[PDB]
């Protein structure tokens, strides 16, 4: 056999180390269920033996249902998975470097070396006016050194309900963007920051964010707010200066161009009250504020303690100015001041100060924060924060405290999400099973929250297409998308299987939410299905990375997502039958 091929799962990686087991696969048919306007993903895994194989290509037919209705091959995109190297540890420079097929790369032909695995990602977009039914088609694999091509039989059912547009839903997604990292990677010089030259490298990935449901847009308001935790520095989008009167002045230039970009793309809509500007942060690292002191002609820094007279003085200067600026733009009503996981004493000082500063219409800034909530029903303080995100590692699965806390917030019209980060399992790292992202999103609905937050849209290292390794965290933790090649003419980013599985989770919880709203005789039964979700236990590999606690826990992540999705599609069929 020069080239072997099988359908493979999108839930886990097919790795070079598993070559001998992968070569035993022989799956030749696939079927899944979608809504009108939904998407499906599949994968074909291939392998070479002792000869290289050249010009491997995959092609889809049109898909046709039992009434001759057509879903064009125009709607099918087949992209090779590209591997990149990852140190498999966390803060462990001596851990092994291994390849991972983390990049959904380009369409077209691939030459494959001897004794290798290579996989191709298949994406099927169901048009928003597709007719329901069972559709049949095929994908053909050809190569130069392959006498007999492979034909894989594909089918899917389109159910007679319409996948909601993200704007139609109540799902909250927030992924933090780092547009200065994009500028670094694509060689955008300082003077071209937030010009069209920079925007050409931002718009594609920001539309990707918008189209999957992204609503939150982060903007830094002080210098180096996270103490340079990432490969790239975090510049402030608002420049601070101290003048000869001893008081502060602010330059919003970058902030304004970044926010307006997101408005023009339709992520934010201040007039409609849609989306959030998350301003990071009133509690930056060690309270440190760097500013240019005009009187001495040098950069200086202070780190006033929250609630001190000096801290109140400085933050009242910033907040009242910023508020007036935002009101001039018409952006105030969607703007949140972000806090972070800090001492309760510091958080209380922030909330006290922000509630005190009001516009001429008696409104204060909205407030957003990560919080460490684990138990109890005292919601007095949390009710003063308009959007909170709880990390997975703080959530006790055995208890209803989280769900009760989030339900109280839903009733008050406040926002709640969960997040994952370094050390969590399930998570969204290069080394994760992609399936873990779908599980994550279902977990957000299990907890009766609005959705999901992650810090990590695009925090690229130097050359992530070749090596994602960073001095901190599990590999891939800081980015869900890849850049394109530095000299690309065309694409400006690549997606990842782990991102695509977040997107699948989001579409599928949106199905659940649609049915809970539209189908009253089914709502309680749907809630009870979601509330049956199991949670896998976590452990660690030998190099400090969070992983499943066992093979049983690993398989549970997959089988639970499957199970819930199938139950929801059965409720969908029930609702369709009722509606007739």
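Residue numbers count along the first chain shown, from 1.
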Could you check the entry and say whether 418-426 or 482-490 has the higher mean CA B-factor? 482-490
Between 90-98 and 438-446, name whichever shows the higher mean Cα B factor according to the PDB entry. 90-98
Per the coordinate record, which of the options 228, 272, 471, 223 holds the highest CA temperature factor? 272
Reading the B-factor column of the entry, which of 322, 186, 175, 379 has the highest value at its C-alpha atom? 379
So, residue 545's CA B-factor, relative to its chain, sits in which third? The lowest
Using the B-factor values recorded in the entry, state whether the Cα atom of residue 246 falls in the lowest, middle or highest third among the modelled residues of its chain. highest
Going by the recorded CA B-factors, say which third of the chain residue 41 sits in, lowest, middle or highest. lowest
What third of the chain, by the recorded C-alpha B-factor, contains residue 522? highest
Taking the C-alpha B-factors as the PDB entry records them, is residue 64 in the lowest, middle or highest third of its chain? middle
